[PDB]
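Chains as they are written, first to last, in my numbering: chain A, 210 to 281; chain B, 194 to 231; chain C, 2 to 206; chain D, 326 to 528; chain E, 1161 to 1206; chain F, 6 to 52.
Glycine included, C-beta positions come from ideal geometry on N, C-alpha and C.
Right, one structure below, let's go through it.
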Amino acid sequence: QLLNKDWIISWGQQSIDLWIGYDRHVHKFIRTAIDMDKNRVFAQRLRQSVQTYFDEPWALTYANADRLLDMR
Amino acid sequence: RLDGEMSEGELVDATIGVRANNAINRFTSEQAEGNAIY
Amino acid sequence: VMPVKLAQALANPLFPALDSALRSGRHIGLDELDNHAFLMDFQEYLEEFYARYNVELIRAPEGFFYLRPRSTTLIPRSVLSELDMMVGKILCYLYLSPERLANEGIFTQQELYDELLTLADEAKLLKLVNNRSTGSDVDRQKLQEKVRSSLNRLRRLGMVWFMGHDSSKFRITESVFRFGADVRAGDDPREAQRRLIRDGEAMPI
Amino acid sequence: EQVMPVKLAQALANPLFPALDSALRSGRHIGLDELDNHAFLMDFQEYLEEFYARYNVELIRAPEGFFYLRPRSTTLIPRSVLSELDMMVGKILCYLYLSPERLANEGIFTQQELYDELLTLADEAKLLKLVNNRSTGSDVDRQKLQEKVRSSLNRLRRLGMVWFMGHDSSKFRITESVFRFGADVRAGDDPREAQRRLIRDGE
Amino acid sequence: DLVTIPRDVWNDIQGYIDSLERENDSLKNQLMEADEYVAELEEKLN
Amino acid sequence: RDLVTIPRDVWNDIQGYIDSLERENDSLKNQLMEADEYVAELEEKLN
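Dropping the structure here:
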């Protein structure tokens, strides 16, 4: 929520690994997202674009080499 | 069980899927069956 | 004859898998440590080689790689229907959802479907699904299946890694950032869309 | 490892290679007509046989001089199989190429002759099943059959067995690459008898 | 004779296999119902 | 990180399997589209 505001023995070991993974994930997320849209404009603009998308459809491109033909 | 940690699959054995999830409604663990530990 | 580093890289046993994968559209994220490292070491020469095929090699700022054919390409190109683009945009959003962090990046298709119906004009998806449908349960289920088909098509391209033995969950990779190129710039989406067309990113429909 | 044989690099450096590669991976039966492509393949055959092996694909030269790519069950390049009616059209094209009249016609045939050949030497019931499983055996079915035969002929032209002549699609010429559909009848008997036997057996 | 794969790749392959199988099974019924609709329309027209 | 060790004779199976599923799915897509065109033509005939 803070980000939203502004832009027996074995159990311990497993919980520690889970927490480490959690921290890794939060670090990954901060790096990938907050630097890009430090001002939150990107997400709002995306919301609105999806909402009004149908007014002008469009589609992007990706290379698709023809598959190899073969017989039985 | 000796493991001491249960996975989501064991729970669902205990619209079947959707009703089960609604009944359930937690620690994520991608390496565990179903990627969930409760 | 051939640059030394290009020749050395081409002989690398890892090359054929990439060469066949990329020309089928696959985007390469950060996850594939070995493949991504190989591309990092030999970006310049690989770019020079493919440029002889009359196709371009692009490394967007996010850190992924993808192949973009030009007008005179020697390998065909293709596009994807409206529903797939809608699903791609929704996936792009979920990546950014601040409330998501509790989920570590794993998701479920139930959330994907439920969220989608909060934005799109209910009929305006129904018409693409079935003209006669006006909120019936059967046509809602039909759309539920169509979204799964679109998601499989999307995964083949490399936008999401499946997880576990149950298909009802998946993971998102950073290559989805491509769907935001429309809103990348602060100018009017329309002129930006035409600029994207001119750059060859997307063709109008 | 041995990074690169000199001849392999010299071959990959030839400016015409990229088009040949993209076409080959599409399965096109590159033949003699493309004198340039044939010469280039002749110069550097063995080494291209070596390289493509990494893809788990065999670059095979048929006895009659043409070249094509035959992959194995573990291909690293996607492969797709064409429909049966395409195979029937291929076999029929194989038969015509042997007609003595080819020399008189220089190999020029029009789609009408091929359509008549298929209709007369093919079972009507099987074809009617092919065109539409709900087909009523009426004319509209035969018209759509002609349309799809035209489409399959176009696909085969993409494979490169046949050539379109001039700027009218009504005229086309056959090349020696058609034997890929007749190699199964390499026996020394009459080609007509062998093809008729195979078609009767459903092969 | 033995191939080693990262856990993630194998997991992805298995998940994709199951997803594709489910999609194919669903589409079979979809085609069946479409053809039944065509048959019913044809029968009612006559 | 963790790895999985498998023999070739087993590995090749899934690679064949997924490809067969994909091809069958595409063929079914095409046939469904054809059936859709037929039903649309019938519908416009009725009305």
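Under the Cβ criterion of 8 Å, C/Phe108 is not counted among the residues facing chain E. Within a 10 Å sphere around the beta-carbon of C/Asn153 sit 16 or more other beta-carbons, which makes this residue buried.
Spatial neighbours of F/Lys50 in its own chain (CB-CB distance under 6 Å, excluding positions within 5 residues in sequence) are not present. Under the 8 Å Cβ criterion, the stretch 503 to 510 of chain D does not count as touching the stretch 434 to 446 of chain D, having fewer than three qualifying pairs. Cβ contact annotation for D/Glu431 (same chain, cutoff 8 Å, sequence separation greater than five): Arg498, in chain order.
Sequence-distant Cβ neighbours of C/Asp85 in its own chain, meaning closer than 7 Å and more than five residues away, are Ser151, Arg154 and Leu155. With 16 or more neighbouring CB atoms inside 10 Å of its own CB, C/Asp167 falls in the buried class.
Counting along the chain, the unbroken alpha helix (DSSP H) around D/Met412 starts and ends at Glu409 to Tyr422. The Cβ of C/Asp32 sits no closer than 8 Å to any Cβ of chain B. Relative to the Cα of C/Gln9, the nearest Cα in the group D/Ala336, D/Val328, D/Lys332 and D/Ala334 belongs to D/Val328. Where D/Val510 is concerned, there is no enclosing alpha helix (DSSP H), because DSSP gives it neither an H nor an E. Under DSSP, D/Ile385 shares a beta bridge with D/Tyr393.
Taking C-beta atoms under 8 Å as the contact rule, C/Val56 and A/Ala272 qualify, at a distance of about 6 Å.
In this structure, DSSP gives C/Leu75 a state outside helix and strand, which the three-state scheme calls coil.
If you draw a straight line from the Cα of A/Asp279 to the Cα of D/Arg404, it is about 7 Å long. Judged by beta-carbon spacing, C/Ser176 lies beyond the 8 Å limit of C/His37, meaning their Cβ atoms are not closer than that value. If you look at D/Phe376, you'll find it in the alpha helix (DSSP H) that goes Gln370 to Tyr377. In this structure the stretch 51 to 66 of chain C does not lie against the stretch 386 to 393 of chain D, because fewer than three pairs of beta carbons, one per stretch, are closer than 8 Å. Annotation for C/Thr119: no alpha helix (DSSP H) segment contains it, and DSSP assigns it neither H nor E. Taking C-beta separations shorter than 8 Å and ignoring five residues to either side along the sequence, the partners of D/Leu439 in its chain run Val414, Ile417, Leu418, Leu421, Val474 and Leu478, following chain order. Neighbours of D/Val328 across chain C, judged by C-beta separation under 7 Å: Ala8, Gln9 and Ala12.
Scanning its chain for C-beta atoms nearer than 8 Å, with the 5 sequence neighbours on each side dropped, one finds around C/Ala52 the residues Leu58, in chain order. Between the alpha carbons of D/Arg483 and D/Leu333 lies a distance of about 29 Å. B/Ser200 is the residue among B/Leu204, B/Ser200 and B/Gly210 whose C-alpha sits nearest the C-alpha of B/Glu226.
Nearest to E/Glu1183 by alpha-carbon distance, out of C/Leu127, C/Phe108, C/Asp32 and C/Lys143, is C/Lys143.
At least 8 Å separates the beta-carbon of C/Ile107 from that of A/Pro266. Boundaries of the alpha helix (DSSP H) around A/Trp228: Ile218 to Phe238. Only those residues of the stretch 258 to 270 of chain A whose C-beta falls short of 8 Å from the nearest C-beta of chain C are listed: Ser258, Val259, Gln260, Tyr262, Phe263, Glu265, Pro266, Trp267, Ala268, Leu269 and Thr270. Rounded to the nearest whole angstrom, the C-alpha separation of C/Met164 and F/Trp16 is 19 Å. Closer than 7 Å at the C-beta level to chain F, one finds these residues of the stretch 391 to 404 of chain D: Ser398 and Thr399. As far as DSSP is concerned, D/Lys469 takes part in no beta bridge.
Using a Cβ-Cβ distance cut-off of 8 Å, the stretch 198 to 212 of chain B and the stretch 367 to 378 of chain D are not in contact, since fewer than three pairs of beta carbons, one from each stretch, lie closer than that value.
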